[PDB]
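[1] sequence unknown, structure follows:
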Ligand SMILES: Nc1ncnc2c1ncn2[C@@H]1O[C@H](COP(=O)(O)OP(=O)(O)CP(=O)(O)O)[C@@H](O)[C@H]1O
Ligand SMILES: [Mg+2]
């Protein structure tokens, strides 16, 4: 009767229900469920070519150009029509290629199919089906190096998986068996028992089970790998798109088009040409005003910039966003693996005798056998790859520091058995009973471990110092824990605390392993603090100094302790030594206490604010009025959960800041997607994780993403402004002829539009970006006073030389006056056509050189090379032709002029116009300040960040 959403069909499923779904029906249920859900295939439509063309041809411009071709054919200017078709043909081919390439990349990612082993309710079939996989299907996963087709909760056993594409996470991720329960929660809601579509399985092992077996949850390409590709198809728009502002500027040109049309009507009525004939002249005037090569030129800008970035390694999707890069005002960054260096030496461990802390051991090897050694060795979730161990750089560096070595493939639920170094001045090899994974939001990991001693099993928890110390029973927790940790965090050593609890369970029993994560991480005794050292990436310190110099503010968003983030921030130059840092702190509103905000300064040898994640939680919920003041003044957001990083992005955006994210981790995945410009620095090739994936492991990417964006925004504005200048230069030329004896050209018009303008337009879009990022932001409105001024003033100079030419031509003593008794197509030679075309041809080229204006955002014009050769070549051909048309006289329909003097006068006028155009654009750059000061002495931006800044300047936060 009424359709129900697949999510709505499977939203309320129990923990038990996922196990109920396991060993699902072989065929009848499969077929009906598969029919209801639809086939498990990516929904990218496949088009041979002509299938695309019909859809592609529906664009409104294409219709107008088709009408224009017919109109020009009716006028019998075949040659101009021959060009007008050909330029549209180039436009459609390039648009087709652009569209085809954009789909092809995405389609190539999702073009994967492989034979799958599927479990029957009383069966275990092998390689039976893949694309037809049942929505609730249970399957046995491959042993090693196996891509996972569907998002499936793991019912039994443990899996090691590479999720690098899905989460931006190169490091191997542990997967564990789901626990059946009366409560219903989604596998995604667990966010760990689920195995995600298109993720490689490094290894798969069942300690107790015969093999690892998983039950499919959300599937059919509409979740995970496809859910993101599906996002890339029909993508999210940008608000207040600059094309609207350009569309307003087209309306200013539309007034000029109407004014021209009425001028023509008066001239034609005065001329007394047939009314039927006058309509064709009016129609030609309107069609001429439309530029044929603009639609192609706009594509070629983007395609050249994608080409420029692909070579730099910054692999891009949604190429429209490269301009958005140009406008970004703040760039958010992550601490570890981006601002700092991935991989960290363990700078020893600190042990505690009783309540008191003992002095730090430089090398973890020289310590007594007991809890801390075992915890240091066993806490990690490292697995053994071919002749090697694979894990998180922190956990890997810790175990190598202990000197204990992981046992290989060769009880029941016994895994990752830890072999001792076997050097003595007890070896007691130890085996893990239960593994708990580390979640960035959760901020800790835990293990249950047993030994041949066969005592009560001991649970070891390694996690964030504050949460672990808080979780520990306050018996062992030292009085000065906070102050002692403050030494290590202030130094800049990433610190993780280890807590041990003896657990009263039956040792080496599978059943005994089953336990509540909270119950294992409940009552705890603080054991020691690890002192991991992460060092700043060499290039980070430079890029941040430039981004601060441009006045694009750099905000740091991190899950690590506030003092470490303050040390990294003070190091990079987020906060310079001259600058002052305030630590906003908040007390929870609860019992008899209301919410309190306390601001405490920090002093070290622009009023920068550093906020812990929890303080920001209270500020957003219980101080909404203050949030604008902190988020416009906050530089070092720290101890932030993965969800909190998205909130900073969203609140900074609602304050009208253009955010950017250069994170390299699963924690940032949310923030990267939400942010305007998102860059994932550790990914290989194009990926769905971020809009602008990089393959260089540095912040050196981010300046390049801004620098190219500003170039693409200036190229888009230059190509638009040159296309307007050409059309009005054509309008003036065609009109000067329309008044004067009702004449035009055919082959001449093909030559101008096809060779002079289309070649220059495509070639002017490949200049490339400026060397150094600049203080001045690229101008963002096409309908600006400078742009409008520049175009209008230049067109006056165009007309001046053009009219001057005609006056000089008529004034020439040898000049023979033209017949002016016969139709424009019939009068193949006209003495005026020769002069007007010959003067106008060169000026069409000159406009591009003046328009280029290559300095703040683009490199000097000469550096282009293919443009510069073409400009000179076409100029040389035109110089050659104007002096001596020879053979080309006949095709050009040129009236041969023997007199050298008038040709030199004509060359002089073009040179004068050229000098004029260059002088006008240089004058325009110099004149802007005087104009701006007089037009507006002072103004206030509607955007909230610029006002809140100005308010804070007038009255600061309480000092
Ligand atoms: N394997 C592990 N087991 C337990 N805790 C870990 C851990 N690896 C990191 N931690 C700690 O867990 C907390 C949360 O880490 P999270 O992934 O959110 O950020 P992070 O410390 O990697 C800094 P960044 O945000 O720059 O990536 C931190 O205090 C971190 O030091
Ligand atoms: Mg990271």
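    Great, that's in hand. Numbers count the residues shown, from 1 in each chain. Ligands and ions are numbered 1, 2, ... in the order given.

[2] and the residue nearest to residue 824 when sequence neighbours are not counted, how far from ligand 1?
    Setting aside the residues directly before and after it, residue 824 is nearest to residue 744 in space (CB to CB, 6 or more residues apart in numbering), at 4.9 Å. The way it works is simple: take the backbone N, C-alpha and C, and place the C-beta from them, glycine included. When distances are taken as CB to the nearest ligand atom, to the nearest Å, residue 744 and ligand 1 turn out to be 67 Å apart.

[3] where does residue 744 land in three-state SS?
    In three-state terms, and counting by DSSP: H, G, I helix; E, B strand; the rest coil, residue 744 is coil.

[4] hey, where'd the strands end up in the stretch 651-800 of the chain?
    Counting by DSSP state E, counting those that start in this stretch, the stretch 651-800 of the chain has strands at residues 660-661, 677-678.

[5] list the neighbouring strands of the last one plus their orientation.
    Here the strand partners of strand 677-678, with direction, are listed using DSSP bridges: strand 660-661 (parallel).

[6] check whether the strand it pairs with comes near ligand 1.
    No. Against ligand 1, strand 660-661 shows no contacts by CB under 6 Å from any ligand atom, the least distance being 11.8 Å.

[7] leaving out the residues flanking it, which one is nearest to residue 444?
    Nearest residue to residue 444 in three dimensions, chain neighbours excluded: residue 463, at 2.6 Å (CB to CB, 6+ apart).

[8] surely that neighbour touches residue 497?
    Yes. Residue 463 is within contact range of residue 497, at 6.5 Å (criterion: CB atoms under 8 Å).

[9] who has more neighbours, these two?
    residue 497 (27 against 21; other CB atoms under 10 Å).

[10] am I right that the more buried one falls within a helix?
    No. Assigned with three-state DSSP, residue 497 falls outside any helix and is strand.

[11] quick check: it vs residue 379, distance?
    Between residue 497 and residue 379 the distance is 11 Å, computed by CB to CB, to the nearest Å.

[12] where does residue 870 fall, secondary structure wise?
    Residue 870 is part of helix 866-883, with elements assigned from DSSP states H and E.

[13] what residues does that helix touch?
    Outside of helix 866-883, the residues that reach it under the criterion CB atoms under 8 Å, 6 or more residues apart in numbering are 755-756, 759-760, 763-764, 766-767, 838, 841-842, 845, 848-849, 861-862, 888, 892, 894, 903, 906-907.

[14] same thing but at 10 Å, please
    Taking CB atoms under 10 Å, 6 or more residues apart in numbering as the criterion, the residues outside helix 866-883 that touch it are 751, 755-756, 759-767, 834, 837-839, 841-842, 844-846, 848-849, 852, 860-862, 864, 886, 888-889, 892, 894, 897, 900, 903-904, 906-907, 910.

[15] ditto for stretch 88-97
    Stretch 88-97 has contacts (CB under 10 Å, 6+ apart) with 47, 49, 52-53, 56-57, 59, 61-62, 65-66, 68-69, 104, 292-300, 303, 754, 758, 762.

[16] up against ligand 1, what does the stretch 251-400 of the chain have?
    The interface of the stretch 251-400 of the chain toward ligand 1, taken as CB under 6 Å from any ligand atom, is made up of 334-336, 392, 394-395.

[17] neighbour-wise, which one of those residues leads?
    Counting by other CB under 10 Å, top hit in these: residue 334 with 25 neighbours.
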